[PDB]
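For the sequence shown, the residue numbers in the entry's author numbering are 1 to 162. Every residue, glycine too, gets a C-beta built ideally from N, C-alpha and C. Take a look at the structure below.
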Amino acid sequence: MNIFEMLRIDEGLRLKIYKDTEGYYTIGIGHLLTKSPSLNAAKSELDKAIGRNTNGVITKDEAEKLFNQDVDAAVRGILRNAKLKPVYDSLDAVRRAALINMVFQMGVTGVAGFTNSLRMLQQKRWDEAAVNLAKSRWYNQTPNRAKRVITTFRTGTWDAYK
Ligand SMILES: [Cl-]
């Protein structure tokens, strides 16, 4: 298991524009295109991202390229953030992946927001963190996924993704 596989499971793969759990326009492997409710806005962001006139549809390869860019950006985002880097540096590899997953879904800013949990993570207080992390909209809105990530922080293993 690795971050790529992990995330491919949590986000799925879709080759035509679609709406995420928040009703936003996305494609590929959780690649967010726009929060604009406008589908043409979406198609516009898409062609721009791909480098061609897609007409809302992309190939596998294409999606994979997006994904690669997106994991990369998420790591880097993490390392460039003053609240997050330290956390990341204190964790083990599996747990690092868990952190990366959260940033890929909700962004730096959003994860940087979980102050208390970050601290707990930093202290390696796993059960405490798990609980605290569960007290969030994230958990309430996307429970199966959040449960998987949380368990990952809690156990430091991949069992949730079996
Ligand atoms: Cl879910």
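Fewer than three beta-carbon pairs drawn from the region 110 to 126 and the region 55 to 72 are found closer than 8 Å, and the two stretches are therefore not classed as touching. Taken from the Cβ of residue 143, at least one heavy atom of ligand 1 lies inside 6 Å. Residue range 93 to 112 is occupied by the alpha helix (DSSP H) that includes residue 96. By the Cβ-count criterion, residue 73 is exposed, with fewer than 16 other Cβ atoms from all chains shown falling within 10 Å of its own Cβ. Excluding its 5 nearest sequence neighbours in each direction, residue 95 has C-beta neighbours in its own chain below 8 Å: 121, 152, 153, 156, listed in chain order.
Contact between residue 146 and residue 139 holds: their C-beta atoms lie close to 4 Å from each other, under 8 Å.
Cβ atoms of residue 149 and residue 101 come within 8 Å of each other, at about 5 Å.
Closest option to residue 49, judged by alpha-carbon separation, among 38, 82, 39, 32: 32. Nearest C-alpha to residue 14 among 8, 7, 20, 29: 29. If one requires a minimum length of 4 residues, the alpha helix (DSSP H) runs lying completely within the region 26 to 73 are 39 to 50, in chain order. Within the same chain, and ignoring the five residues on either side of residue 92 in sequence, the residues whose Cβ sits closer than 8 Å to its Cβ are 156. The three-state secondary structure of residue 13, taken from DSSP, is coil. Residue burial is scored here from C-beta neighbours: residue 11 has at least 16 other C-beta atoms within 10 angstroms and is therefore classed as buried. Annotation: the continuous alpha helix (DSSP H) that includes residue 129 extends over 126 to 134.
According to DSSP, residue pairing for residue 19 in a beta bridge involves 25.
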